[PDB]
Amino acid sequence: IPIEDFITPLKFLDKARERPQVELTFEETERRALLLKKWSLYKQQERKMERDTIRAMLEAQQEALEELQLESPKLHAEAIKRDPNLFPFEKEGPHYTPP
Amino acid sequence: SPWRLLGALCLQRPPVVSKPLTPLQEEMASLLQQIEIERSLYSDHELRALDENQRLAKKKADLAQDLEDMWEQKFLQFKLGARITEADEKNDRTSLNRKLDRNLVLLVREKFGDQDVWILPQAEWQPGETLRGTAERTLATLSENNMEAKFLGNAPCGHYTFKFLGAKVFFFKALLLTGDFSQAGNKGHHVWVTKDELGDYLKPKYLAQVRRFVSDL
Amino acid sequence: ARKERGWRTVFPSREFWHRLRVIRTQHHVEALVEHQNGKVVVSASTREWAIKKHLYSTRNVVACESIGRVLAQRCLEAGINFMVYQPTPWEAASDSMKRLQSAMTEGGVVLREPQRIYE
Amino acid sequence: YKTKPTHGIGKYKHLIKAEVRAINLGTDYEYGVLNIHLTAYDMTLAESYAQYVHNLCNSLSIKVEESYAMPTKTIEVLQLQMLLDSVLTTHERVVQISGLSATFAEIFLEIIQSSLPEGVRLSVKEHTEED
Amino acid sequence: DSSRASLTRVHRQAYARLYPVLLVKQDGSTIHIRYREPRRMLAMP
Amino acid sequence: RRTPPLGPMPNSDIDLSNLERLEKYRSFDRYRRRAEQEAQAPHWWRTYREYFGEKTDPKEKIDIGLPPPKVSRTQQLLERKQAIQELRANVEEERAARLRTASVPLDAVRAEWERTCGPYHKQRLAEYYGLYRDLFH
RNA sequence: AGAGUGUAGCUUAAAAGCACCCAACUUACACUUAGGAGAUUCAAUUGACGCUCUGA
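Protein chains in written order, with the entry's author numbering: chain Ln, 83 to 181; chain Lt, 43 to 104, 116 to 217, 227 to 279; chain LR, 61 to 179; chain Lv, 48 to 66, 77 to 138, 144 to 193; chain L5, 34 to 78; chain Ll, 27 to 163.
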């Protein structure tokens with residue numbers, strides 16, 4: 083029985099004027115435009131770094147594969163197993179404050 | 043074969059403390075706060091405060118901030134767990150209570166004819182087990198510690214050799239779940255290290271090219 | 061003159077004499093005036109220095125408006141007064157093409173060809 | 048026409064296709090259809106990391122079967138000094159993916175756990191009985 | 034590393050103003066979570 | 027009765043093994059670009075271009091013009107670029123571009139268009155009007 | 001110490017075309033719209049800075 087809170091609750095009917103201050107200032111808009119462009123450039127840098135990480139340690143696993151082909155094939159098989167005892171993974175997110 | 047099948051591991055303590063934000067990121071947390079305040083609707087606390095203000099105005103012509122104050126004072130009496138682990142541990146690089154915003158990896162001092170230096174924990178492959186078996190037996194043969202820790206998968210992670227008939231190193235990756243190291247004053251120096259200090263502890267091709275697969279992000 | 065009628069099941073319609081075609085690449089904005097046979101009559105690009113040295117960036121609605129004013133001037137100069145522009149729905153709804161069409165109309169070209177005199 | 052060399056030029060139903078559980082590859086190995094469960098006490102943070110992992114899986118070409126929802130559970134925490147109450151909500155996202163090699167499992171596990179945000183439960187399960 | 038998905042806002046047309054709140058868990062540990070009331074500390078037994 | 031094709035089939039170099047791996051047109055614009063390129067490709071069957079297009083002789087129409095002026099591409103791109111970042115360093119240019127109120131000097135544009143690329147466009151329009159066919163054969 | 005070399009991620013492109021991000025929409029993806037960031041390792045075909053490969 084799939085029922086979710088994607089629906090909007092009935093309690094929002096007629097009082098949205100806690101912020102009738104939709105008027106905005108020109109200096110604010112200029113700051114937001116320049117600053118969203120800075121955010122775009124920053125996320126470009128972060129994505130470039132994470133792609134470098136992906137490519138690097140995929141290259142590491144590849145070089146592992148050809149060295150293992152150089153050495154031994156049963157070694158190759160037992161390092162390409164599907165190890166169905168470690169898939170049920172769980173990890174706590176990085177906390178704000180330590181215990 | 044003129045080679046030695048030697049495995050190694052990469053036991054990593056994950057970051058516990060969330061990484062502090064850059065100036066751009068804290069500015070944009072503030073902006074996201076501003077715009078969600080602007081584009082929300084229907085705060086029940088604000089309803090209660092405004093309605094109580096209006097009825098108080100009616101009574102004065104003819116509440117919520119006390120609750121605000123009391124949660125503020127209980128916030129100000131409650132202390133946070135201090136995150137300044139640099140001050141909490143001086144420079145004790147062997148302790149697990151070091152930098153919690155970053156990711157850590159184990160390293161052991163060892164002596165060898167080639168290099169009497171810091172290495173990742175080693176074993177020589179017995180012909181009747183998986184190199185995952187060599188990984189868990191290194192975890193068993195480390196010095197008086199219970200790491201309840203998880204292996205990321207039966208797949209190699211790093212491959213570095215030197216010739217001395228050739229010692230091949232079969233670097234892994236493991237993940238410390240919640241274990242710790244008994245006998246903290248160990249005779250064998252166990253350092254917990256990042257990449258920036260892996261620069262200090264690991265010099266060249268056999269041990270410093272591990273920057274290919276150590277993950278700092 | 062004959063307009064190539066037909067092609068009712070495909071896009072674009074080829075019943076015209078001259079056509080405006082706009083190519084919005086990821087760096088540049090290109091605008092072509094081309095006959096029905098396929099020869100390019102007039103072209104105007106943000107690829108050229110003469111437009112590059114006055115634009116801040118070659119991918120703006122400012123870029124499209126500038127290339128529209130340049131191409132409208134070149135069309136008045138070449139004598140091409142009537143053309144048919146065939147945009148996709150998202151193109152026509154886009155602000156770049158609206159500023160393009162406004163710039164062309166205020167430049168002086170009409171984006172609707174007159175009807176053929178059959179009799 | 049059938050007798051002409053240009054026969055079958057307008058064929059498209061071979062280029063298009065229209066009308077798996079615990080898949081394997083034998084000497085190679087590949088995981089089946091698997092669930093990235095991602096629950097949080099924050100709907101915002103849960104939806105954000107679900108969007109992140111969906112975009113990353115599209116970027117590095119793992120076929121996401123579907124991104125769906127598992128219901129918000131509302132828990133009332135009761136404390137006394144009748145007990146005063148604090149109501150918390152937990153919301154759940156599932157990213158169900160299809161083609162996943164045990165070779166690239168280390169790529170994906172390491173990167174997702176490193177990019178995991180503050181206080182989001184990340185657990186990957188087999189799609190066998192959860193519905 | 035824990036920022037990429039953390040820096041977001043509520044992407045709903047109709048939503049309440051949720052406040053930045055630290056909740057404690059029983060080992061004594063605080064997480065930034067959003068709550069309807071301005072109560073800054075939430076307690077978990 | 028069948029006849030083998032006289033050349034490669036159109037959708038023949040696409041691998042049909044499993045259709046879920048291949049990258050895909052998710053856009054009518056991408057398909058339109060690919061289809062226009064394929065339409066401009068020669069092809070060995072009967073074509074609207076064959077029956078309706080102008081069959082000009084492949085004589086590689088002879089140039090009887092002046093030799094082109096010589097320019098130094100390195101310093102040309104250096105001065106073009108330095109103009110680009112000085113205009114991108116002017117702060118009000120960003121404000122005009124973002125507020126969509128910028129403009130362009132058409133007289134200077136047309137003058138240095140005559141300087142740089144006007145000859146080729148004029149040659150193309152002369153070819154379209156058919157002087158090189160009529161006046162110069 | 002010696003070779004393959006050298007256009008941003010890619011191109012029998014020559015300063016281009018595709019890839020690639022941020023916002024709007026979308027549960028999300030995708031599409032689209034608005035924006036964004038970029039490259040020719042340096043000196044008159046060679047010479048000398050950087051990556052990869054080989055050895056000590």
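Even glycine gets a Cβ: it sits at the ideal position worked out from N, Cα and C.
Best match in the options for proximity to residue i [C-alpha to C-alpha]
i	options	result
residue 82 (chain Lt)	48 (chain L5), 40 (chain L5) and 34 (chain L5)	48 (chain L5)
residue 79 (chain Ll)	97 (chain LR), 107 (chain LR), 92 (chain LR) and 125 (chain LR)	97 (chain LR)
residue 139 (chain Ln)	239 (chain Lt), 261 (chain Lt) and 210 (chain Lt)	210 (chain Lt)
residue 172 (chain Ln)	69 (chain Lt), 202 (chain Lt) and 47 (chain Lt)	202 (chain Lt)
residue 257 (chain Lt)	69 (chain Lt), 274 (chain Lt) and 77 (chain Lt)	274 (chain Lt)
residue 127 (chain LR)	157 (chain LR), 94 (chain LR), 171 (chain LR) and 95 (chain LR)	157 (chain LR)
residue 66 (chain Lt)	40 (chain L5), 76 (chain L5), 35 (chain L5) and 78 (chain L5)	40 (chain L5)
residue 269 (chain Lt)	182 (chain Lt), 180 (chain Lt), 64 (chain Lt) and 169 (chain Lt)	169 (chain Lt)
residue 243 (chain Lt)	200 (chain Lt), 232 (chain Lt) and 217 (chain Lt)	200 (chain Lt)
residue 135 (chain Ln)	174 (chain Lv), 120 (chain Lv) and 105 (chain Lv)	174 (chain Lv)
residue 185 (chain Lv)	154 (chain Lv), 160 (chain Lv), 168 (chain Lv) and 65 (chain Lv)	154 (chain Lv)
residue 38 (chain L5)	169 (chain Lv), 134 (chain Lv) and 109 (chain Lv)	109 (chain Lv)
residue 122 (chain Lt)	61 (chain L5), 71 (chain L5) and 57 (chain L5)	71 (chain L5)
residue 96 (chain Ll)	84 (chain Ll), 66 (chain Ll) and 141 (chain Ll)	141 (chain Ll)
residue 150 (chain LR)	147 (chain Ll), 155 (chain Ll), 55 (chain Ll) and 40 (chain Ll)	55 (chain Ll)
residue 198 (chain Lt)	208 (chain Lt), 247 (chain Lt) and 163 (chain Lt)	247 (chain Lt)
residue 44 (chain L5)	131 (chain Lv), 119 (chain Lv) and 105 (chain Lv)	105 (chain Lv)
Three-state class that DSSP yields for residue i in the structure shown
i	result
residue 95 (chain Lt)	helix
residue 117 (chain LR)	coil
residue 61 (chain LR)	coil
residue 145 (chain Ll)	helix
residue 42 (chain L5)	coil
residue 178 (chain Lt)	coil
residue 43 (chain Lt)	coil
residue 248 (chain Lt)	coil
residue 110 (chain Ll)	helix
residue 128 (chain Lv)	strand
residue 228 (chain Lt)	strand
residue 198 (chain Lt)	strand
residue 69 (chain Ll)	coil
residue 261 (chain Lt)	helix
residue 102 (chain LR)	strand
Any chain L5 beta carbon closer than 8 Å to residue i
i	result
residue 94 (chain Ln)	yes
residue 102 (chain Ln)	no
Sequence-distant residues of its chain with Cβ nearer than 6 Å to residue i (five each side left out)
i	result
residue 278 (chain Lt)	257
residue 253 (chain Lt)	146, 147 and 160
residue 79 (chain LR)	94 and 144
Below-8 Å beta-carbon distance, residue i vs any chain Lt residue
i	result
residue 75 (chain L5)	no
residue 78 (chain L5)	no
residue 90 (chain Ln)	no
Close-in-space but distant-in-sequence residues of the same chain around residue i (CB under 8 Å, 5 per side omitted)
i	result
residue 102 (chain LR)	92, 93, 131, 134, 135, 138 and 140
residue 115 (chain LR)	106, 122, 123 and 126
residue 88 (chain Ln)	none
residue 176 (chain LR)	61, 62 and 63
Proximity test, Cβ basis, 8 Å: residue i and chain Ln
i	result
residue 37 (chain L5)	yes
residue 121 (chain Ll)	yes
residue 124 (chain Ll)	yes
residue 155 (chain Lt)	no
Own chain residues within Cβ distance below 7 Å of residue i, not counting five before or after
i	result
residue 249 (chain Lt)	none
residue 102 (chain Lv)	179 and 182
residue 150 (chain Ln)	157, 158 and 161
Neighbour flag for residue i against chain Ll, beta carbons, 8 Å
i	result
residue 82 (chain Lv)	no
Residues of the region 57-68 of chain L5 with Cβ closer than 7 Å to any Cβ of chain Ln, in chain order: 60, 61, 62, 63, 64 and 65
Chain Ll contacts from the region 102-124 of chain LR (Cβ-Cβ distance under 8 Å): 102, 103, 108, 109, 110, 111, 112, 113, 114, 115, 116, 117, 120, 121 and 122
Members of the region 111-137 of chain Ln near chain Ll, C-beta cut-off 8 Å: 112, 115 and 116
Contact list for the region 63-84 of chain LR against chain Ll, Cβ threshold 7 Å: none
Within 9 Å of chain Lv by C-beta, residues of the region 27-54 of chain Ll in sequence order: 27, 28, 29, 30, 31, 32, 33, 35, 36, 37, 40, 42, 44, 45, 46, 47 and 49
Contact set between the region 144-170 of chain Lv and chain Lt, restricted to residues whose Cβ is under 7 Å from the partner: 164, 165, 167 and 168
Contacting positions in the region 176-191 of chain Lv - beta carbon closer than 7 Å to chain Lt: 176 and 180
Members of the region 184-212 of chain Lt that neighbour chain Lv once the beta carbon cut-off is set at 9 Å: 205, 206, 207, 208 and 210
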